[PDB]
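We give structure tokens for two forms of one protein chain below, kept apart as structure 1 and structure 2.
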Structure 1
């Protein structure tokens, strides 16, 4: 029963009220955050949506996960405000989410500024589990926040090479890669040509992955026919995304400075990763 964004909150002290009947997305998101070794999660609440921001440990991957108010069962926020969340503190809580829980509710109150409430309801036995999590008023990492604008559809012209993987294909490819390498070359000749993923280790092993049919992986290219697009990229952050299997299918966009953007949409959740090279 989804009602979207509300004009006024149920409880009068609520600066934020959030409810949603697919709490498993929070588990997967936070498994992703754990795989990235994020220490702290930056949370922006606005009247239209809530956004989770984080870097990975190496600071080179930027993650922006957005849940649109209009797509959940219940949403309310008084204004724009920020919360900082210790990821390790909430790790076991998000992992405890399972199928006995059909609802997740999130509440932040004016009279309790350092507290974030998480309520999970079990409907078979009228059980209600309430977490009270200590949160902070976060110093803002502006570079991370501004990255959100630098993944707008508008700005993605300098990305001549795109394609789509299911989460199983992505996991397979990059787990296979990380068995033997930390870096992989992405190479694609202009024109109707195959996509190459490969690396070479001298006097041991080389590996080469080739995609012969572009339409089977929804590849699109604006590489000039006579040019070769070739970048070298670090793959650990990709395996992290892949393994967390947050969402069904994943769009991959490449640019010639070797930046990678992964986009993934699961229901109310919009997930963006940009990783610099």
Structure 2
């Protein structure tokens, strides 16, 4: 029993007049996978920002080296209404079982937040074989760094970007130091680090199009950064997607970008960590 689900996008009014937030989507596995990623990074509390145009989940990883911004725009889901801008806090372990219980048989997820129950976030999963709606009442808080969202504004245009598959990235970083990323016109991308037993190891990408690399680096100006390999390896081990887009800045800042469906998964790792 697979119904066809209309995609309505942002609505001007909610279906229930008491809803501060109404969300529904026909791919609930994005939420299961989002929360596997949070578990792998050992994020303890997930902060949520709801807005008339999108819902955003935020957390540092446990090491605090990296920050995750997961955004779902309302125009890309089946049903989205949010009255205004508000914030919620969700303890990750509390919702872990629920999100893990989703499988490929769940055809829908609905999330409701009502003015008259400000400490509750309702998650609704419908099974359409027998028409049973299953609801979880997840207690949430309001917590009122800050803006790393600037790093991923439409305009912050990074000079060096490419794409790895989960396989490629985990092969590269297979064997307590840094890895140098260096480029250049003709752009051989160079990656160098020390592998097992202090052996100097070098990868050279001769074809920018096979790894979908783009560069805005001026012809003869060199780009070289030194980033810590332990942070990269942990982000690789934690991936839930098949592909990441890596974006690099001259001061060493790194943005990892994965897309699931309506979900845009951004992981920022700035070079300011001691």
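Residue numbers count along the first chain shown, from 1. Only residues modelled in both forms are compared. We call the rigid core whatever largest set of C-alpha positions still superposes within 1.5 Å between the two forms.
Among the candidates 247, 51, 40, 61, the CA atom that moves 2 angstroms or more between the two structures after core superposition belongs to 247 alone. Comparing the forms between the two structures on their rigid core, the Cα displacement of residue 103 stays under 2 Å. The Cα shift for residue 80 between the two structures, taken after rigid core superposition, is smaller than 2 angstroms. Relative to the superposed rigid core, residue 13 undergoes a CA displacement smaller than 2 Å between the two structures. The rigid core superposition between the two structures gives a CA shift for residue 123 of 0.4 Å. CA movement of residue 238 between the two structures equals 4.7 Å, with the two forms superposed on the rigid core.
Superposing the two forms on their core, we find that the Cα atom of residue 161 is displaced by 3.4 Å between the two structures. Identified as moving between the two structures on the superposed core are the stretches 146-162, 166-176, 179-187, 191-215, 219-249, 254-260, each made of at least three consecutive residues whose Cα atoms shift by 2 Å or more.
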